[PDB]
């Protein structure tokens, strides 16, 4: 009695496992893209789906509200404080003299296009304070995996180094792909790197035995605050682009209370402390984040009547709506049209 929206064959597989062990309590709806899930839950042929901030924003505009959210810290959940996932931070080289004010024309390092930390928040922020939607021409050059092969945002990207170069590919083949990759891009070619708060740490002091990251220390980097002031890598709390919320399960409002109880029921058997976690573990997928982030310990209940605006938080909400004002998706446009806004 809960059609879950699975995206891709891998999630579908896991969703089938879940459907089986839950004794049909959970059914599965497979789609190609995550955005496809929003429509299917609207048409009632899907009940729930875990989304990231950007999609949550879209879902909300379409009238779908967050009902439960993942917690990545302690296994044990519902005690009223919306957990934070991480902080989106802009990093720069210590020995450089660049900052948020003279950022135009510099070289950037993004985790990948469409990503929350490396793209949505930064470009979302630049559009808000600048009014531009010309992201590809803001920076002189830069590496943003997933960008058009021949565009400034690909010039800084390296490839795999192998035969088929694969420059700018949104995959591990691209050296500058992901968080660790964006940092490396800053260390080797870029001016600024848009990653998360824990990135610099995870790759300094020798944690990363790689060559480019063997003699790197935290002091080699600084955070660029939106003031124009720079901060110590450890002060991300006082100098972050935005606080990113955890992924939220979104559903049609009238099925809100219904879905919670059924998911709680599911946690009780397949959660981290599931009575049956031995058969199937909801939050387990071999670090592949199938259905839920494997970093999930439990689902926290989002207060009833909580809209997407409240859940995302003003700052994040502002940057998302900001970014989306620039070439919005068909769904977002369709939903905004359907209403008054």
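Residue numbers count along the first chain shown, from 1.
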Deposited residues omitted from coordinates between residue 79 and residue 80, as a class: 1 to 3
Residue 151-residue 152 interval: deposited residues absent from the model: none
Greater mean Cα temperature factor according to the PDB record, 241-249 or 163-171: 163-171
Selected stretch [higher average CA B-factor]: 221-229 or 261-269: 261-269
Most elevated Cα B-factor in the entry, residues 93, 115, 184, 255: 255
Out of 190, 178, 105, 131, residue topping the C-alpha B-factor column of the entry: 105
Cα B factor band for residue 145 (lowest, middle or highest third within the chain): lowest
Residue 325 - which third its CA temperature factor falls in, relative to the rest of the chain: highest
Third of the chain, ranked by Cα B-factor, where residue 21 sits: highest
Residue 27, C-alpha B-factor rank within chain (lowest, middle or highest third): highest
Chain thirds of CA B-factor: placement of residue 52: lowest
